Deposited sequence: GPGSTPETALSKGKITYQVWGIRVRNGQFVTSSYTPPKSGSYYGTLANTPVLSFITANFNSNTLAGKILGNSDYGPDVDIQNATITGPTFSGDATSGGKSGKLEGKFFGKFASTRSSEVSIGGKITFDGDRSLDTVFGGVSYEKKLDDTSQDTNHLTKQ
């Protein structure tokens, strides 16, 4: 994970009414391994509830973290990189019903991408 961009296709899980419900037209998260930045959005639905937005997260080695917002609440993102895959968790201290674990697989890899941005690959 030394350079390039990977755009992942991701799904979150929340608990609603004593069951696990998934999120989501696709949810992307993009990791830029040049600039060590990450961004994306988990799209919800009526059961999973509000979308999760991730602007300007950070990458260090095979780990990433940052802030997220969902339903007006701010969350703390932590996750890992492992077709390759990604997973993580987002905690919302102001409303813990928004807490979610997510995972995903690579949608598009550009390992020789030399851009600095976290715009999704298509």
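Colleague: Given the full deposited sequence, which segments carry no C-alpha coordinates?
Modeller: Those stretches are 1-9, 34-50, 109-117, 158-159, listed in order.
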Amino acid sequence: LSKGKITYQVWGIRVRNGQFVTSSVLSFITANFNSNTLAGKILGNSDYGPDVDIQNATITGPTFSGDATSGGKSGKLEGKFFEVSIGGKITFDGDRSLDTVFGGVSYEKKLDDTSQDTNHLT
From here on, numbers count along this sequence of modelled residues.
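Colleague: Which wins on mean Cα temperature factor, 11-19 or 104-112?
Modeller: The recorded data point to 104-112.
Colleague: Among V84, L43, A39, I90, where is the Cα temperature factor highest, going by the PDB entry?
Modeller: Max CA B-factor in the entry, restricted to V84, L43, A39, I90: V84.
Colleague: Among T60, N56, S70, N32, where is the Cα temperature factor highest, going by the PDB entry?
Modeller: Largest recorded C-alpha B-factor: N56.
Colleague: Where does the C-alpha B-factor of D95 rank in its chain, lowest, middle or highest third?
Modeller: Highest third, going by the recorded CA B-factors of the chain.
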